[PDB]
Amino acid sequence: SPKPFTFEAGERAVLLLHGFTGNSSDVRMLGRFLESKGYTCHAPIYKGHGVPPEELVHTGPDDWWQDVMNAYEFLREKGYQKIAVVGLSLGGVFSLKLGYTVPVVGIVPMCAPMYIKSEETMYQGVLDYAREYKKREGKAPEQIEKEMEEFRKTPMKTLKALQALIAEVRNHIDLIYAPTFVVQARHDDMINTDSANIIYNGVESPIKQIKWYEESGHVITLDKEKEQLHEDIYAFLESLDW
């Protein structure tokens, strides 16, 4: 069962944030890589995440943002003053929000959405996650159907709040001056890839870069170009003034 992680190495720290329906496993390989390069890493798990999908629908972005802020403070409290933030998908949106909320050395949003899917589409996405999760539990197709029958009886009321979160950060990214590396998969079937240009163009950061990953999908940390992504993130972090 996935759990948060903290790898303590050198004095430079990186906060790693996962995406909606994701968990710390989505950033664990990047954490081990950065630890091996001497960076301290911490990845939380948002409320309703890394547990049975049944628990997700009762949580929302107000809960998940508390987890993000508590994670930042966890690093600070351990004496790591200088923190970069790297985030996948929704974690990338939270990376941007931390970037104008609290002191950070740099931000790497990876496949972060700047625009809104419908509540129906977002809900379908939760349903897909729930079924994929039960498949990975090795449950028989019959058992999955019966469980999803039950699951569909409860709506997820916090989805309007997630739409509102995305629009709010979209409209505040002009407050960001921190060095920003925008990462985007070229073909991403989960988000509008125009988001990447919106972030790149919309921040006030004097120091910024963007890279497109040509053969990757949305969950880019788990996909086939992760080795390159790891090197690119490290090169970016090495270029910053800690």
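Sequential numbering from 1, following the sequence displayed.
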Mean C-alpha B-factor higher for 50-58, or for 202-210?
50-58
So which stretch wins on mean C-alpha B-factor, 158-166 or 116-124?
116-124
Highest recorded Cα temperature factor - choice among 108, 75, 148, 140
140
What third of the chain does residue 35 rank in for C-alpha temperature factor, lowest, middle or highest?
middle
Tell me, lowest, middle or highest third: where does the Cα B factor of residue 178 rank within its chain?
middle
Which third of the chain holds residue 9 when residues are ordered by C-alpha B factor: lowest, middle or highest?
lowest
Residue 215: C-alpha B-factor third of its chain, per the entry, is the lowest
Compare the C-alpha B factor of residue 21 with those of the other modelled residues in its chain, then answer lowest, middle or highest third.
highest
